[PDB]
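In what follows, every chain begins at residue 1, and chains take the letters A, B, ... in the order their sequences are listed. Start at 1 and go down the list; that is how both ligands and their atoms are numbered.
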Number of protein chains: 2
Amino acid sequence: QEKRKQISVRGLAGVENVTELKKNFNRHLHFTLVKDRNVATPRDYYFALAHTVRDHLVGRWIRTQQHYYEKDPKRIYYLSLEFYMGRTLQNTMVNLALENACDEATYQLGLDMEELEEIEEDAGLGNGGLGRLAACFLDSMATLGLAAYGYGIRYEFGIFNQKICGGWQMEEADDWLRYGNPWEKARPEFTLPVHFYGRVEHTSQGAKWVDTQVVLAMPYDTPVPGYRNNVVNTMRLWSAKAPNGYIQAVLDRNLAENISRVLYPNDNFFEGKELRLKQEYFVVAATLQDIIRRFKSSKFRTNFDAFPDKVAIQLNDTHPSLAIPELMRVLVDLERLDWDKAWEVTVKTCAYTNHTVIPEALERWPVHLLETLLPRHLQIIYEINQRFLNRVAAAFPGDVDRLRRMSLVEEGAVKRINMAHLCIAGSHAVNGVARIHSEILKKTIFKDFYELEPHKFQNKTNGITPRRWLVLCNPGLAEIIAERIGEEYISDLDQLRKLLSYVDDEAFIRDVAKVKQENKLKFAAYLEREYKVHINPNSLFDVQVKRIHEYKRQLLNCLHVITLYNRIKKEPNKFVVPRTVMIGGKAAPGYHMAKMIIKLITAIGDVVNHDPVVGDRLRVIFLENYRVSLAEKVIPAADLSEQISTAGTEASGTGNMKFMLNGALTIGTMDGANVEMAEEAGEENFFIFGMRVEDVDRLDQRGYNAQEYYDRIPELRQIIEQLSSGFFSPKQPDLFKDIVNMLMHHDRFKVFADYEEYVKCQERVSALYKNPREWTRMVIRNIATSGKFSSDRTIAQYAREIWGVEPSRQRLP
Amino acid sequence: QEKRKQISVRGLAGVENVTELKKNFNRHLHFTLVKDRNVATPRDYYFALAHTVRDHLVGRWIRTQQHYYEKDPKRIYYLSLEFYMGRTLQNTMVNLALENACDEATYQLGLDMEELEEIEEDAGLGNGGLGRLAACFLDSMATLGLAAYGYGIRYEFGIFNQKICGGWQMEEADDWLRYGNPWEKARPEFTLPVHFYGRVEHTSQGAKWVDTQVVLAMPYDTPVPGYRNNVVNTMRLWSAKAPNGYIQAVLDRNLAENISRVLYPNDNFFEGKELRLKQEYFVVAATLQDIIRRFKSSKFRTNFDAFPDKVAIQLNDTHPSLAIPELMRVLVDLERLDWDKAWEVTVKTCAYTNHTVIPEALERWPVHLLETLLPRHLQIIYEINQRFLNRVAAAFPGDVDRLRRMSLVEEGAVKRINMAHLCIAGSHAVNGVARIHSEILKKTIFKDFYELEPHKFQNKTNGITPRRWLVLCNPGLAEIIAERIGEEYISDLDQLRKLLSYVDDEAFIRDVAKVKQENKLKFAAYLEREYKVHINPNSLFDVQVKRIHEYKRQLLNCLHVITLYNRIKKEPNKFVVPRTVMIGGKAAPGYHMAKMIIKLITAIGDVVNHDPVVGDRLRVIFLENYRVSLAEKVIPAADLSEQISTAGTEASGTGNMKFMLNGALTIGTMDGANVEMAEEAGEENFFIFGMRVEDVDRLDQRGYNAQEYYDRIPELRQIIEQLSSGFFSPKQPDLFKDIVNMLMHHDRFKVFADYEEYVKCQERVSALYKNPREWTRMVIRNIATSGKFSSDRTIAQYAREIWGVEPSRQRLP
Ligand SMILES: O=C(Nc1ccccc1Oc1ccc(C(=O)O)c(C(=O)O)c1)c1cccc([N+](=O)[O-])c1
Ligand SMILES: O=C(Nc1ccccc1Oc1ccc(C(=O)O)c(C(=O)O)c1)c1cccc([N+](=O)[O-])c1
């Protein structure tokens with residue numbers, strides 16, 4: 001209780017406010033859960049709490065949207081296939097200032113609130129950084145008093161829950177709606193129809209799309225509370241419904257409604273399934289009909305000229321890129337605008353974001369698929385391309401090749417549509433997600449595009465919200481900072497810069513260190529409790545948490561790990577800094593390497609965490625089912641943050657930023673937004689190692705020879721032999737042959753090339769750790785200059801340099 | 001408003017009670033529906049009302065079941081595949097005395113309650129009389145203060161909604177849960193597992209069922225309020241859930257969960273699909289594990305001796321007959337009781353009800369199906385049979401044939417299990433549902449069974465509740481009766497007998513007549529409004545409402561109809577009593593004849609309802625989507641009730657009884673409970689016509705020759721020619737050839753044999769109608785002696801002569 005109380009950033013437990021809280025808990029438990037104290041179980045408790053919390057939202061929810069209705073601002077729609085939202089109870093208490101009132105209320109009903117929060121299922125409706133970016137963005141727009149709407153798909157099943165079994169990942173279905181969702185509000189009365197397949201008939205009206213199948217889109221609105229300002233914005237998520245012999249026909253209703261069943265779990269990868277394209281069409285179609293409909297109930301040919309003064313539609317990737325030929329379909333086919341105005345209108349509405357440089361992320365849809373599913377869409381896509389490509393010609397006379405490279409339409413054995421090209425044609429701004437990435441888009445991936453229309457290209461470096469990613473997750477760090485500098489920082493994270501005045505403050509240095517060590521103890525208790533894993537709490541917590549992929553170089557970390565181990569065994573009496581190396585995250589099913597890698601990590605731990613010589617000097621664990629909620633526990637307990645992808649492959653990162661905020665030192669490469677984080681802090685306050693991008697490119701130019709490295713480095717040679725011969729898998733010596741083969745002969749991500757610098761850099765890290773005082777002063781430097789990586793920042797730039805709306809922190813009544 | 005007010009049986013609109021009602025409406029609309037008056041739509045209104053109503057249930061719900069928990073009575077479980085429940089809002093207001101308070105409240109919120117009630121989706125979780133019998137029974141047990149539980153399956157889809165198109169039935173899916181159910185309460189915390197397929201391994205513990213698939217049963221409890229006594233009992237309905245490459249495996253979750261998708265729509269007919277057997281196993285397994293579990297948390301080898309003092313399990317047909325070998329499975333396999341005690345226990349727990357004499361209703365399951373799905377069940381079924389059949393032997397030495405006829409196991413090309421035999425072996429009482437039917441079970445269908453164990457065989461004539469089937473549906477008739485004799489009748493329907501004192505009371509005769517004519521006007525307004533059908537309100541309303549089947553003889557009615565028409569055209573100037581002939585009800589998909597019959601009825605109406613000579617003398621309409629809710633409208637407006645099945649095929653009937661209660665005269669045969677209704681009223685107060693059962697049998701003995709009738713009756717010959725030659729279908733002359741063929745050559749139900757007596761009897765009916773005063777005095781006689789056909793009666797007999805519990809009308813606090 002006693003910390004929770006003392007914590008000023010958690011609110012007031014007002015005497016009548018507590019009185020009302022307890023009252024509404026009992027009232028919900030009686031009328032909602034239909035219970036008494038003798039038969040409620042914890043989970044009814046949770047729901048009693050979560051209904052009462054939500055009651056505090058309602059009136060603000062109604063009036064905020066009433067407000068948009070009356071004033072009619074320009075509206076921002078944020079189209080994504082993913083809102084990596086997490087749990088919502090705390091989040092909402094936080095943004096409503098209710099957490100110490102509800103904390104006091106439930107204590108006084110003889111219930112620990114934190115215990116009840118863990119009952120909540122994450123809304124895991126995303127894969128990794130972009131989907132979570134989307135969730136951070138929702139929050140920041142609310143906090144900025146924007147008339148923003150998030151639009152997506154209500155999945156049955158989010159990202160699978162991960163089980164490690166015999167060292168392997170096992171996918172289980174994430175049935176997150178089993179027990180109900182007290183947060184959502186069904187909106188039956190706003191249901192729309194979505195048309196699949198059919199054909200196109202040209203007549204004297206123009207074109208007409210006929211014989212279609214119909215799936216209904218049913219919307220479920222969810223409140224996005226802003227930070228303490230009495231804004232509550234909406235996430236609108238669509239669910240598939242069948243239209244309105246006998247038995248087999250009812251059973252088959254499944255087939256149309258499987259549209260919303262399940263998030264595809266492929267992160268940083270295009271698998272080109274028609275089920276996925278259907279998901280993407282459904283979201284787009286439904287959203288844009290909602291959006292037109294609004295527009296037609298607001299002010300007032302008068303109408304569509306001004307459609308872009310009134311609507312902004314932000315593309316979270318190419319996933320909702322069909323939004324472009326869809327708006328053209330409506331405008332053109334339904335609304336009867338001439339193609340050229342409708343195109344002025346589209347390009348002025350829509351804007352695109354890139355999250356990936358890697359080629360195998362690109363959405364390239366075979367035309368036959370698009371011709372069958374969405375025959376009209378493909379026609380409009382070809383008239384898009386022709387006219388775009390007549391614009392490339394008129395600007396680059398005779399550059400045939402450029403024609404071919406710019407085209408929306410890719411040639412081959414299977415003709416495909418390059419959805420990123422579609423997005424470039426059809427948008428008024430195209431952005432990347434950190435300065436380095438956005439430069440590379442201009443210099444490489446979309447170089448010819450930049451030459452055409454250089455004014456389209458922008459940067460918007462990512463952020464994370466400091467509500468979720470400090471105030472919720474790390475109330476100790478939040479509190480000690482409010483103690484010095486007050487509370488404004490929470491929605492003005494640049495004020496953190498003020499903590500630089502404390503670098504030499506012995507109380508502050510003591511407190512910081514105290515709070516991390518407190519987080520380390522909790523995290524440790526969680527591991528013992530939930531998963532009966534015993535960790536050393538007086539070790540350096542070395543954390544790499546992120547989805548599993550070759551670009552991210554979990555493997556290079558595993559290299560390091562087997563080095564520490566091998567060094568130790570050489571020189572057993574030598575002192576070394578104690579470490580807990582935590583690697584965590586999911587593999588996309590069917591990503592073989594990634595699944596290999598998960599097995600290798602736990603294989604390491606099998607050796608390493610049973611050596612008696614090692615003792616408690618070194619421990620390797622794999623962290624299970626990394627998710628949003630788990631990130632809120634492990635990140636506040638981390639000393640070191642791993643950000644080790646090759647230079648040029650991590651567009652930005654945001655877990656980088658979460659570690660930063662919460663008092664973790666970073667080892668990383670100058671990649672993504674690691675580069676801007678070292679800029680903010682001074683490079684002398686980070687662990688940057690290895691190849692810069694230019695050095696990667698130089699390597700590519702002559703050739704990557706991993707054998708060169710193997711022959712030159714006896715320590716690396718030792719591990720490779722360890723792996724081949726079967727040290728990590730005695731009962732199956734050959735188990736890791738496809739790891740080694742790939743390291744040896746087909747490593748696109750240059751692992752061994754950054755080996756020697758990574759190991760030496762990790763020397764540096766542990767040298768610094770042996771001086772507590774000096775570690776904690778560098779950490780202060782870190783935390784004091786993470787304010788640039790708030791999502792308020794990022795969002796205020798999108799508003800001002802894309803949406804053409806001004807932010808705001810003025811409280812609604 | 002003004003009738004609703006005056007109506008004493010609807011309660012008090014108390015000043016603070018109205019004040020609280022309005023308050024809780026606004027409160028629900030704000031916190032639940034998240035609305036204001038500017039954007040709620042009617043349907044949010046409904047839900048605001050239905051949440052506030054339900055709040056009045058909760059505390060009674062909790063304490064009633066608390067009461068069972070504390071006192072521990074013997075508990076009655078009522079196992080059915082069907083609860084033909086209907087809508088619930090009004091029903092609950094009624095039984096809670098809240099209808100004139102909520103009526104006043106919503107008027108004063110500027111909303112008509114009746115208008116909001118029509119927003120509610122029927123819970124159509126049944127096919128016709130048995131499923132509805134089940135719903136009437138639930139109510140009566142609550143009203144009698146029994147510790148009764150209804151147990152069934154929560155279907156996704158109830159009985160299809162019926163659309164007539166071009167005169168045909170079109171099945172649409174009944175997506176009754178689209179918008180949510182404010183009535184149910186999910187009970188996640190009572191989920192059970194159900195095991196399909198597998199195998200049986202005999203070891204030293206005995207038998208063990210292994211390699212099974214697991215479907216989870218999730219229970220949804222619903223409150224059954226008793227009439228004004230502060231009992232609220234539970235219906236517990238199970239829903240199928242999947243257990244806890246990647247994508248196709250999540251999608252396939254469907255397959256196990258399709259167990260609860262949909263009510264099979266076959267009424268009075270065995271189609272032997274494995275999907276249906278799975279439904280039946282799921283319900284049984286889940287229910288009985290719930291039931292054992294209770295039993296193990298209540299009092300206290302001690303335990304299972306007394307299992308029958310503590311449990312009664314009533315079989316609504318053979319549909320949950322697997323309850324017998326299931327209890328044996330648990331007891332035997334799980335609980336380790338020796339087979340003989342476990343059999344003492346089973347027979348003492350379980351009791352069976354028959355609803356059908358027809359052969360093609362019987363559940364006869366092929367053994368291979370039962371061997372694959374439910375291999376252990378089949379073993380226990382064969383040890384059941386052997387020992388039963390060793391009992392038949394020891395009682396009937398040398399009667400081989402009897403062995404063979406009694407056996408559970410049927411021989412043939414496909415071996416089958418006779419589930420009714422199973423039920424007879426494994427039950428302590430077997431009942432029929434009206435005196436004639438129960439005699440026939442003894443004299444025919446289960447004659448050898450009766451000889452063995454004559455003390456098993458019983459009668460329990462059906463009833464209907466007078467809440468739904470008078471007070472709700474017919475508040476005018478309810479009120480004029482309370483005016484004379486007070487209100488006790490509502491839960492003591494025998495008091496109706498007191499209205500015989502008014503047979504010669506000119507005010508009463510005037511009132512009765514007034515209320516029917518008021519019901520006729522409403523019904524008429526409903527038809528114009530909802531379906532734009534114009535009926536003559538000064539006609540005799542002649543109503544045949546019931547599922548469509550050959551036994552029920554919709555066809556014999558159609559015969560009559562084309563007679564009236566043909567008579568008229570002969571003699572156009574002749575006076576005839578004006579009639580509106582309403583035929584209504586569903587066909588099971590794939591019942592061809594029944595679908596033919598629906599087309600024939602509307603074909604009749606096409607001719608008949610456009611003849612100018614006919615004018616408003618005669619109108620034929622087919623009533624669409626007959627359902628529970630529709631029955632509550634048309635029955636109070638009916639003058640004549642059609643109950644015309646051959647003698648011996650309608651086991652009982654209950655729609656007979658609903659018409660009776662509400663002031664309809666009956667034409668029928670002496671069949672089912674028509675016979676006991678004529679007994680109660682005096683036959684001189686009914687229209688009984690045609691073959692008695694003995695005369696059917698005599699016909700069978702020599703042979704039914706429909707040609708005999710055709711040659712002898714020029715009027716019948718005229719219609720048959722009309723039908724063949726294409727009068728009823730000019731654009732498709734041959735359309736009704738399969739009707740005629742069947743009438744002519746293969747009529748199992750003897751239509752033409754009851755023709756001449758039916759027509760003459762209908763003469764009688766219209767003679768009586770030309771004397772209003774005399775019609776209304778006979779009706780009084782009818783209504784005054786329908787009290788035997790209350791379900792309180794029926795239920796109090798089950799309690800006393802089967803369950804071995806005493807009813808009660810003592811109010812809970
Ligand atoms: O009623 C709400 N707000 C009100 C109140 C009065 C008029 C307009 C309101 O909100 C609205 C209503 C309609 C629209 C629309 O999409 O056409 C808009 C809009 O976004 O421009 C805002 C409301 C706000 C938030 C949640 C719910 N809800 O769950 O139903 C309802
Ligand atoms: O809590 C309820 N009643 C109470 C209160 C205290 C103890 C026992 C209660 O009800 C119960 C609880 C458990 C059981 C059981 O099945 O084991 C029984 C029983 O049927 O013998 C009655 C209750 C009654 C009706 C609805 C709900 N509900 O929806 O959860 C809850």
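Closest heavy-atom approach to atom 21 (O) of ligand 1 among the candidates A:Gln66, B:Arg37, A:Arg75: A:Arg75.
Within the 4.0 Å heavy-atom cutoff, B:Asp221 does not count among the residues contacting ligand 2. Using 4.0 Å as the threshold, B:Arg293 has a heavy atom nearer than that to some atom of ligand 2. Residue B:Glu70 places no heavy atom under 4.0 Å from ligand 2.
Salt bridge status for A:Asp55 with A:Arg27: present, with a side-chain N to carboxylate O gap under 4.0 Å. Under 4.0 Å is where a charged nitrogen must lie from a carboxylate oxygen, and between B:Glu189 and A:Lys35 at least one such pair does.
The protein heavy atom nearest to atom 3 (N) of ligand 1 is A:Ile62 O, 2.9 Å. Closest to atom 8 (C) of ligand 1 among all protein heavy atoms lies A:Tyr69 CB, 3.4 Å.
A:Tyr151 and A:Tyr149 have tilted rings, their planes meeting at an angle from 30° to 60° on a 0 to 90° scale.
An N or O contact shorter than 3.5 Å links B:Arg187 to ligand 2 by distance. An N or O contact shorter than 3.5 Å is missing between B:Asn38 and ligand 1 by distance.
Of the inter-residue distances, the one linking B:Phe25 atom CZ with B:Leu33 atom CG reads 8.0 Å to the nearest 0.5 angstrom.
For A:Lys185, every heavy-atom contact with ligand 1 shorter than 4.0 Å involves the side chain, none the backbone.
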